[PDB]
Each structure stands twice: as structure tokens, then as C-alpha cells.
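Notes to accompany the following structure.
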There are 6 protein chains.
Amino acid sequence: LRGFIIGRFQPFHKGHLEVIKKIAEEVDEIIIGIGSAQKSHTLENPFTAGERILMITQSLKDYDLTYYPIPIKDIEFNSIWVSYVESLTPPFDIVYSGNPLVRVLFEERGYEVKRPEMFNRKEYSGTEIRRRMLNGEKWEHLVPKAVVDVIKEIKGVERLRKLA
Amino acid sequence: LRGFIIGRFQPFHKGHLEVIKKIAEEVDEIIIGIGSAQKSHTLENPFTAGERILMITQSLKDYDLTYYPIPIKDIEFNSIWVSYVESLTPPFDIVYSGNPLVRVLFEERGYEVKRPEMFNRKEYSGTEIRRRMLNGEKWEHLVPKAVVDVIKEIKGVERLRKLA
Amino acid sequence: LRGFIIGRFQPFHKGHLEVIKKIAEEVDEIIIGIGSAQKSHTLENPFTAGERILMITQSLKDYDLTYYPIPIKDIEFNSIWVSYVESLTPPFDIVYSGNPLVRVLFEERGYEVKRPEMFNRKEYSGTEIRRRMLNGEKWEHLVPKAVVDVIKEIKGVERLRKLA
Amino acid sequence: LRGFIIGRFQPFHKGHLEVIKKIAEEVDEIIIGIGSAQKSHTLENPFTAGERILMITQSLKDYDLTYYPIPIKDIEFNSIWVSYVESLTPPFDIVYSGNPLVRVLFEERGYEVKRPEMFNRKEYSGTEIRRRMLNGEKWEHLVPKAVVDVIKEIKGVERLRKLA
Amino acid sequence: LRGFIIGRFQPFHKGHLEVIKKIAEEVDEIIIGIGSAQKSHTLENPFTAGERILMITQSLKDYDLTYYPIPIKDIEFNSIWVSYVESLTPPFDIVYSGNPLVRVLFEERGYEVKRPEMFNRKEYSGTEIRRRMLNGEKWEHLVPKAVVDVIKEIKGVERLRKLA
Amino acid sequence: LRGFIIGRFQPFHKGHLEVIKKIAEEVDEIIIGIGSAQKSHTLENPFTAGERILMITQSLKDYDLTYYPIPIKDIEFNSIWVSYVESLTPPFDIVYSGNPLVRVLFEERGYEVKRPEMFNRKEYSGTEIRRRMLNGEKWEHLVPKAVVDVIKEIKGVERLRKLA
Ligand SMILES: Nc1ncnc2c1ncn2C1O[C@H](COP(=O)(O)OP(=O)(O)OP(=O)(O)O)[C@@H](O)[C@H]1O
Ligand SMILES: Nc1ncnc2c1ncn2[C@@H]1O[C@H](COP(=O)(O)OP(=O)(O)OP(=O)(O)O)[C@@H](O)[C@H]1O
Ligand SMILES: Nc1ncnc2c1ncn2[C@@H]1O[C@H](COP(=O)(O)OP(=O)(O)OP(=O)(O)O)[C@@H](O)[C@H]1O
Ligand SMILES: Nc1ncnc2c1ncn2[C@@H]1O[C@H](COP(=O)(O)OP(=O)(O)OP(=O)(O)O)[C@@H](O)[C@H]1O
Ligand SMILES: Nc1ncnc2c1ncn2[C@@H]1O[C@H](COP(=O)(O)OP(=O)(O)OP(=O)(O)O)[C@@H](O)[C@H]1O
Ligand SMILES: Nc1ncnc2c1ncn2[C@@H]1O[C@H](COP(=O)(O)OP(=O)(O)OP(=O)(O)O)[C@@H](O)[C@H]1O
Ligand SMILES: [Mg+2]
Ligand SMILES: [Mg+2]
Ligand SMILES: [Mg+2]
Ligand SMILES: [Mg+2]
Ligand SMILES: [Mg+2]
Ligand SMILES: [Mg+2]
């Protein structure tokens, strides 16, 4: 029983960690699609795919969880997008998404789609995180320590302020 | 330290497993670049990228090993291919390859490149394992049991036979 | 003589039918270009290239026109676009378009470009048709019965409402 | 019921014409996929997609049949190729092909795949027709008259001879 | 010593000329990256790469300057964009740009990056030029004569006005 | 009066130098298309586009010529190639090639095409030069000294011998 979720994870935060813990109550293994994999060094997408993969893996590695952090390019072709994801991932059974498009594409191919729970959405939000990194407000408590680590290694806050 | 190897892994086999254990005695973490990610459904590359990530993760999940199985697509552009691999992966320090083009691209970018030891190459080689699959000889002792399970799940031997 | 027209046809409607009837009075054959062929599943482009080819072909098949419905992707490259379109289509003599870009690229290559007559544009427009599909007003009498048929087969109205 | 065949058709010949008339006794409509769409001006692929559309449509306008001559690019990605073919084509139910790859991809997605009959393959062959066109032998009896006509209009034999 | 600058040059105006003469006081040769090289026939990007190379060349040829006008496509992948640029260009030692993204990408690759001086930026700006071309407000005394000559050969002002 | 020639220049050798001096007696300016611009680090294409631009510009800068060394990518689409080449380059009138595909593509668009003169074609050939580099014969006296110098900066012979 595998599940799939997809996000940009810029960065992976504590709401992601919670929803993955919840989904790991329902399914044996979780595929973690890293969308917009080619997008990096922008204000919405500050981090590369390999940065994201490192954040995610370093966050989840001591949990008793089988997961697959897989980079998925933006391709501009919605009608083949489910097959493109399938090409790159282990077979899976359930998709967790609240996004109208991801839900329509997967349901027309016969998959089950479920809406995940949101946890503390006024704080646990890439958009809100990046906004605090830019304005000097105190964001480290919003993501896993492993992500803090990574963001320091690559100087990601500095990157984001330079790009602004 | 982080190490880098790249192969097609069709399929991951006991010689890979051995070379990766040996690598891990040099370096803290290993990036496993899955090459020709887009090539599947052929006699030389039967399995999809996603099929390969499943095989590799199921084989290794086992060990006290931090590794990152990351699909890299054939791009036709040798001069930016180190950059492309660097976009998709955690920062790495040492490249294990005997392949002359991989070696030349990495060395010209300032990376140290080592040859890995071969283990038992007359059996442990994807070409030899695929040939055995096609003709109905035993191959399952040549890969980790977790690979045997995967190949059964995805009906990999039947695909090969049909393609032939 | 062969005329060329290009639109997105989401969906093909009675205006498109009339303007093609008008054009087949001037030229022996018509190439129907189906623009933005890779776009689908969006409120502006709900339907795939294949669904549009089916709509168009099922509308025009009883009419005794020779016509070629040909899918044309969005490429990002206006300077080569005429050549792209010429690669995919019979040789043609006249383009009918009132689009300033289509018009400019064809004229720079030496083609004759003519404006097509508009029929009943406050009703005969994909925008106004998708808008009624969405907001529940009747739209069936604005397209050919074959198009109503195809949209039923594929449940395109539900698709659109789910995407909104 | 819709059928699906795929070839390169350089050019469309009387073997195709007969394989299609035969298919048309099993199914209501037939999607003709024109494979290698972007390949032209070579000795194996002299003719552009649009030149093949014109040939195939002129040959068949003739008959009491509904067909869909649809250009399909060579994408280098076998895992997504059925989806890609599905994005560009009306829904179909049966695939006629003896090609071992096409047969696998379709069967893995649930489709029924049948071998078409061959007719007179030692003459009715693109390869043998191209050979005759280059060396000044009679080839006009091997294709529809509609084809010959197209070949004259685009000067295809002259092309092929200068390429050689 | 070799300097790099990048712009769209639609069109090269006197602001450009002066910033290049300045840079030439620091460096022996100047690579002029003509970016967005595939973008043309739009109100932001009116001219082709080949047109911009002929504007830029005709404007510098009688200065004592060694330069290299080299078209650079928009790729959608920031992370490998310095390697791409390096692929197409002679090796350079200093980058002049005040664009933050350009600056961040080249600084993470260890290059020295310097802001160029602005000259007369209310008149000497492509956006202002194209807006006068479009309004009938005047423009030729904002770019080199050579750029005027060119904009006349190709009829660029008419093009822009038809696109509007 | 501008002339166009296209080759891979790996590397630019004394036959290239002659044939371009010849062509410069017939035409006011020469566009040197550097084909296979993305191909590098192979035995047929050792050098990157920017490496070849450097070779070609070092070789000619002390002669009389007006020229434009412009990188052209291998696209895989013969029917649009002439338009792609036109996007990238100043307008040209005369094409010098003895290649049958280059010739056909351009004569089908109405261009005059002429065969250039061979000079010293047993020595003055990329193939022969690379072959000497790789088995140890002398090659310097076959290419201009400015090319020798470049091949030494970038250690071009070492790269080639490593790739073999
Ligand atoms: N009502 C009409 N009468 C004649 N020509 C029409 C009519 N409506 C559309 N066309 C046109 O057909 C082509 C564009 O079709 P397209 O499907 O994109 O049109 P639309 O109805 O305007 O769609 P949309 O509102 O979704 O943008 C152009 O030739 C345009 O002239
Ligand atoms: N706080 C949260 N609680 C539960 N799931 C969440 C939460 N935040 C995001 N997700 C899930 O993560 C995936 C979207 O990841 P994504 O990168 O878009 O996150 P985000 O927090 O919305 O960031 P952004 O503001 O940058 O868009 C979706 O599956 C969404 O369900
Ligand atoms: N038996 C082996 N022992 C050690 N390393 C191996 C062995 N087989 C392959 N490798 C290596 O793993 C990578 C090669 O991966 P790949 O799957 O492409 O090899 P392969 O088994 O030789 O495959 P194939 O026969 O399908 O080409 C390189 O690092 C090469 O060193
Ligand atoms: N003589 C024939 N009789 C029946 N079907 C044919 C014949 N030749 C080709 N086909 C069919 O057409 C399709 C392949 O078309 P394609 O254009 O590749 O034909 P071809 O004649 O084999 O060309 P080529 O020699 O140039 O490779 C397949 O479905 C194949 O069965
Ligand atoms: N007026 C100016 N004076 C000095 N430098 C300028 C001026 N305008 C632009 N630049 C510089 O030239 C390059 C920008 O070129 P680009 O074509 O993008 O410029 P632009 O004049 O801002 O055009 P546009 O408004 O269309 O975006 C950069 O190196 C930038 O520093
Ligand atoms: N010895 C030569 N004398 C004259 N022209 C030449 C000579 N060699 C090549 N050319 C010309 O240069 C262009 C071919 O460039 P290209 O770099 O492909 O040449 P090449 O020397 O044949 O290389 P290669 O062997 O690597 O294919 C053509 O326009 C051809 O006319
Ligand atoms: Mg979000
Ligand atoms: Mg191998
Ligand atoms: Mg419109
Ligand atoms: Mg064939
Ligand atoms: Mg600007
Ligand atoms: Mg040659």
C-alpha cells in the first residue's frame, strides 16, 4: 500500500512532517514528489531539487518510515502528467491532495484521492516561512532542526535576501 | 564526505551492493545517480526510473547507510551535465566511476574521481542477469532478495520476454 | 487552393462552423490548426488535442468539405513558428486570421492573410461557452450536436466544474 | 469501436491501404498515427508529417470510413508514450501492431493488441518504394494514385535523389 | 581579462553603448550575452536574436573593442544556467550586472560581479524606447545610428505596432 | 551581400581558413554557423561551442573579414532548421556547402547554394586532425597557430586521449 503526496517543499516544514506522519498511519510507504524540481533561486522557489531532497531525507531518516523523495519537473502537459509521475515513482495506490488539478488528473486515471489534514496553517506554510526569512522574523521553530541545519549549510536565507 | 556513483541498475545486483558497501567505508553518505532515467521498456534498459528507485531503496533500507537514489535523465549536452547532476543531488566530494566520459567531465570540474573495485563481474552484471531472465536460467541468487520481490511485483521478467 | 485557420477550439462551436463554411467558398480545402495542443485540463483549455480533433471531425464529416484537423503545440519560438506549422500541414495558400501575431508571422513569410467574418460573437465564443458551462446556463444550442455528444462522452462539463 | 495503427508511411502504400480496409471490417473508425513526425529529408524518412497527412487523407477521402491521421513525434520516453498517444487521439479500443515494443506498452496499459495481416510485402514496402524512386525503377503501381499525385506536387522523388 | 554582460537588447540603445565603453576601460574583451534569444515578435521582445546580433555588431564595429555577441536562450533552470553560459562563451573573469538573480547565480559559482553605471536611464531604456515607437513619440536619438539603420531594414517599428 | 557556411569546426583547421578567405572574395560578410553547438567531450566533437568560438575568432581577428561566429544547436527537425538558422543570424544571401542535406534544405527555401573549394583535403580535415591527436602524430602545422594556442590552454589533446 503506497501513498503519494506532492509539494514544492521550499522549504519542507513542520506541517509537512505532520501530514506525512498522519499519512504513514494509512499506508505502508510514502512517495514524496518534489514538484517544480527545476525551479530554484526565486522568491517562491529558493532551493534546488537536490537541496530539497537533502532537507527531506535529513528530516525523515530517523523515523520508522519507508519514503521516496523524488524530484518531479514542471512539464507543460497535464494530459501526460500522471504517466510522467508514474514513470519516476514506485507503483502507488492513494494520492493525498487538496489541489483541484492534481485531483482531476489522478481521478480520471482511476486513482483514489484524499484530502490531507492541514496543521497550523497560519505558521506552517512555505510562503509564511520565506516571508519571515526575508523580514528578520524568527522562523526556525517552524521547520525540523534538520532543515535549519541544511538552510545554514547552503546559506539559503542569505540567498533569498539577495534575490529580493 | 559524500560519495557519488551512477549506473543504470537494470537491475540493481549483488555487485552494486558490494561496491556501495565498500564505498561506504570511505564516506559518510552515498548518492546513487540512476542514469538513463527516461529509458525503459528495452532489452538493455527494461525498468523505469521509479522501478529502479524501488529496487535500490528496498535493497538498502536495511543498512545503517545514508543514501540518496536520484533519477538522472540522459540530457544531450556533456558540457553542462555535471551542473545538472549537481542541481539534482546533495553536494558531494568523491566520484566513483571507471567510465571515461563521466571521469573526464567531473575531473575537468575539479572533482576527485576513483575507480571502484569490480566484484565477480562474470555473474554480477545487468547484461548477464537480463540474458538469464530471457532464457529461463536462475538469476535470483545474483541480486538482493528485495530486488527479486520487486521484479515479481512489476512482472519484470515477463516484460523482458515479451520485448524479445 | 488550400486555406489555413488556427484556434484552440475549446470547444469547437457554431461560429467556427459558419466561418469554415464561409472559407470553403473561397478555397478548395481547409487545414484546421488545433493550437495549444498540449494544453488541457485548465479553465481556458479544458479539452485535450485528441478530444478537440474528435469534436471537429464529428462536426464536419457529413459536409463534403476536404479538411485536415491537425494538432499544433505551443512552442516558445515565434521566429520558427511558421516553419513549424508548415512541417505539420499540407501546403497552403491563404491564412484566415484576425490575430495580430499569427497575422504578422505569416505576412513576414510572404503569405496572404485575410480576416474571417465573425458570426454572432456575443454567443459564439469558447469563453462565453465555458462561462455558461461553469455558471449553469444553457450552451448546447451554441455548438454542433456532435460537439454536445463528445462533451457528454468525456464528461467535459463535470471536468471543467471540478477544475474551478 | 475505434482501431489504432502506427507507422512512418514514407510513403503510404497499397499494403497500408489493404491493412486499413481489413481493420475497417472490425472497428467503426481508425486512428492512423503518423510515427516519426518530426523526421523528414532523410533517405529513410524523406517526407514531412504534413506531406504524409496529405497523402493519407487524399488516399482515404475516397472510402466510406472515418479516419484520423494524427502526427506523433518520436519522444524519447517509452514509459509515457501511450499517454502521449492518448493525449493526441480520440479514445480507441484495439491496437493493430506486430511491433514488440508497441505491443508491450499498450498491453501494460490494458489494451488489446492484434497483428495485422501483411499484403504483398516484397513489393508493398516503404523501403522497397524508396529504393525504386532513387534508382529510376517503376514505383507508381505500388501506392494509391492519390499518393503519386502528392509525390509529384512536392517533388518528392527529386528530393530523395538529391539527398542521396 | 574578459567581462560578461547580459541583456535582452530590444533594442540596443545609447545606455548600452556607454555601459560597454565603461566596461571596456576595465577589461580587454567583452562577451555580450544576448538573452531571451528565442523570444521575438512580442511587445516586450520585438526582435530576433539574429536581428539583435546585427544591431549590436553594427554599433560596435568601428569602436576599438574585442567583443563576442552570443545568443543565449531562456532555459528554465537557474541552477545550471551559469554552466550553460560557460558552454557557449569564451572564459570570462568579471560579470557586470545589477540584476540580483544573475548576480546570485554567478557569485555562488565564485565569480566577481560588479554593478555597471546607469546612464540617462529615463530615456535610455528598452521599455521606454518601445513605448515611444508605439506611441509615435520620437526615438532615433536614443540608440546608435546603426540601430536605426537596422530597425529600418527589418521594419521593426511597423512590426511592433501591428503586434499592438 | 552576406554568405553563410556551417560546420562543426572540431577543430577549425587551415582548410577552413582558406575556404573562408575564398568566400570573402565573393561576399561582404560571412556568417560562420558552428553546428552541433551542444555536442562536446566526444571523439567526433571534443570541443564546446564557446571553445570553438574562441578558436575561430582568434584565427580570423587579424585578417580583413566581417564575420559572425554563431552557435547552432543540433535540433532534430530538418523541416524547420533553415528558419531556426535564420532566427539566429544576420540575413544572408548565399550558402556555401557541398552537404546534400544542407543544400536541399536551403534550395527548398529559395536560397542560392554553392560548393566551396576543397583545399588539401587529405590533411585538412577534422577527422584526420583528431586521429593524429589520438594516436600521436604531428597536427600543429595543419591548423592556424591561434588554434594550437587555444588547444593548449584548454588541454584539448589530453581530453581527447582521455575519452578514447
Ligand atoms: N464566432 C466566430 N465567427 C467566425 N470566426 C470565429 C468565430 N469565433 C471564433 N472564430 C475564430 O476562429 C479562430 C479562433 O478560434 P478559437 O477556438 O480559439 O475561438 P474563440 O471562440 O474565440 O475562443 P476563446 O474565447 O476560447 O478564446 C480564429 O480564426 C477566430 O477568427
Ligand atoms: N500545514 C500543512 N499541514 C498539512 N499539509 C500541508 C501543510 N502545508 C502544506 N501541506 C501539504 O504539502 C503539499 C504542498 O506542499 P507545498 O510546498 O505547496 O506547501 P506550502 O506550505 O503550501 O508552501 P507554499 O506556501 O510555498 O506554497 C500539499 O500536499 C499540502 O497538502
Ligand atoms: N560486479 C560489479 N562490481 C563492482 N561494481 C560494479 C559491478 N557491476 C557494475 N558495477 C559498477 O556500478 C556502476 C555500473 O552500473 P551499471 O548498472 O550501469 O553496470 P552493469 O551491471 O555493468 O550494467 P549493464 O550490464 O546493464 O551495463 C559503475 O560504478 C560500475 O563500477
Ligand atoms: N505490405 C504491408 N502489408 C500490410 N501492412 C503493412 C505492409 N507494410 C507495412 N505495413 C504496416 O504498416 C505499419 C508500418 O508502417 P511503415 O510506414 O513503417 O511501413 P513499411 O512499409 O514497413 O516502411 P519502411 O520500409 O520504410 O520501414 C505496421 O502496422 C505494418 O504492419
Ligand atoms: N539606461 C541604462 N544605463 C545603463 N545600463 C543600462 C541601462 N539600461 C540597461 N542597462 C544594462 O544593460 C543590461 C540590461 O539590458 P536589457 O535589454 O535587459 O535592458 P533595459 O534597457 O532595461 O530593457 P527593458 O526595459 O526592455 O527590460 C544590464 O547589464 C543593465 O545593467
Ligand atoms: N580541407 C578543406 N578544404 C575546404 N573546405 C573544407 C575543408 N575541410 C572542411 N571544409 C568545409 O568546412 C565545412 C565543414 O566543416 P566541418 O568542421 O564539418 O569539416 P571537416 O573538416 O570535414 O570536419 P569533420 O571531419 O570533423 O567532419 C564545409 O562548408 C566544408 O566545405
Ligand atoms: Mg502551496
Ligand atoms: Mg554497466
Ligand atoms: Mg482566441
Ligand atoms: Mg517499416
Ligand atoms: Mg531590462
Ligand atoms: Mg565530412
Side-chain angles (χ1 to χ4, degrees), chain C residues 2 68 83-92, chain D residues 6-17 19 32-60 69 71-74 119-164, chain F residues 6 35 74-85 95-115:
Chain C
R2 305 198 189 88
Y68 314 76
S83 241
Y84 173 66
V85 169
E86 291 182 332
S87 279
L88 291 166
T89 49
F92 54 93
Chain D
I6 176 163
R8 317 186 334 262
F9 308 105
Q10 262 130 355
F12 193 75
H13 57 62
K14 282 178 165 173
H16 300 128
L17 209 194
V19 74
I32 300 172
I34 297 143
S36 302
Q38 69 271 227
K39 290 197 181 111
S40 74
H41 302 265
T42 267
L43 308 179
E44 291 235 327
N45 290 290
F47 307 127
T48 262
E51 295 162 351
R52 292 176 268 164
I53 293 156
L54 177 57
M55 306 201 300
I56 290 166
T57 303
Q58 297 285 312
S59 300
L60 297 182
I72 302 173
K73 286 154 175 134
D74 290 320
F119 304 98
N120 185 23
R121 263 224 89 167
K122 55 184 154 201
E123 328 200 275
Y124 297 156
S125 115
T127 288
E128 160 74 15
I129 287 162
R130 287 189 301 286
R131 181 135 62 50
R132 297 164 175 233
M133 284 172 50
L134 281 171
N135 67 20
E137 277 182 72
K138 196 193 161 222
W139 57 271
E140 300 80 351
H141 62 107
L142 306 171
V143 305
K145 280 246 129 201
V147 180
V148 177
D149 299 4
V150 171
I151 288 164
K152 264 176 121 179
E153 158 186 5
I154 63 176
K155 302 182 158 331
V157 172
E158 295 174 12
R159 193 188 289 159
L160 210 31
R161 300 186 187 164
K162 279 155 176 182
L163 295 172
Chain F
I6 171 109
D74 284 326
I75 62 180
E76 292 248 45
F77 217 142
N78 291 331
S79 188
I80 63 180
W81 182 74
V82 174
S83 199
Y84 170 67
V85 172
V95 176
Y96 287 84
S97 173
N99 192 69
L101 170 64
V102 170
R103 181 163 184 183
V104 169
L105 290 170
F106 269 117
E107 301 187 324
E108 282 173 22
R109 299 284 182 179
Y111 284 79
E112 179 179 3
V113 178
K114 291 179 151 141
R115 282 190 211 190

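Order of the sequence lines fixes the chain letters, A, B, ..., with proteins taken first and strands second; residue numbering starts at 1 for each chain.
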Parallel, tilted or perpendicular: which fits the ring planes of F:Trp81 and F:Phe106, with parallel below 30° and perpendicular above 60°?
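Perpendicular: the ring planes of F:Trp81 and F:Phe106 meet at over 60°.
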Which word best sums up how the rings of D:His16 and D:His13 line up, parallel for under 30°, tilted for 30 to 60°, or perpendicular for over 60°?
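Judged by the thresholds at 30° and 60°, the geometry between D:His16 and D:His13 is parallel.
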Atom of D:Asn45, atom of D:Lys39 and distance for their closest heavy-atom approach
CB-O, 3.6 Å
Shortest non-hydrogen contact from D:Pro11 to D:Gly126?
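Closest approach of D:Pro11 to D:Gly126, heavy atoms only: CD-CA, 4.4 Å.
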Can D:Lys73 and F:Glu76 be said to form a side chain to side chain contact (heavy atoms under 4.5 Å, CB included), step by step?
CA-CA 11 Å; D:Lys73 286 154 175 134; F:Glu76 292 248 45; over 6 Å; no
Does [Y] offer a backbone N or O that forms a donor-acceptor pair with the side chain of [X] under 3.5 Å?
X: D:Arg159; Y: D:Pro46; value: yes
X: D:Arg161; Y: D:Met133; value: yes
X: D:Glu123; Y: D:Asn120; value: no

Any chance you could measure F:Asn78, atom CG, to D:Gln38, atom CD, to the nearest 0.5 Å?
10.0 Å
Can you tell me how far the CD1 atom of D:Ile34 sits from the CD atom of D:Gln10, to the nearest 0.5 Å?
10.0 Å
For a side chain to side chain contact (heavy atoms under 4.5 Å, CB included) check, start with the C-alpha distance between D:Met55 and D:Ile154, then their side-chain angles and the critical distance, and finish with the verdict.
CA-CA 11 Å; D:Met55 306 201 300; D:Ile154 63 176; 5.9 Å; no
Just wondering, are more than 12 heavy atoms of other shown residues or ligands nearer than 6.0 Å to NZ in D:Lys155?
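No.
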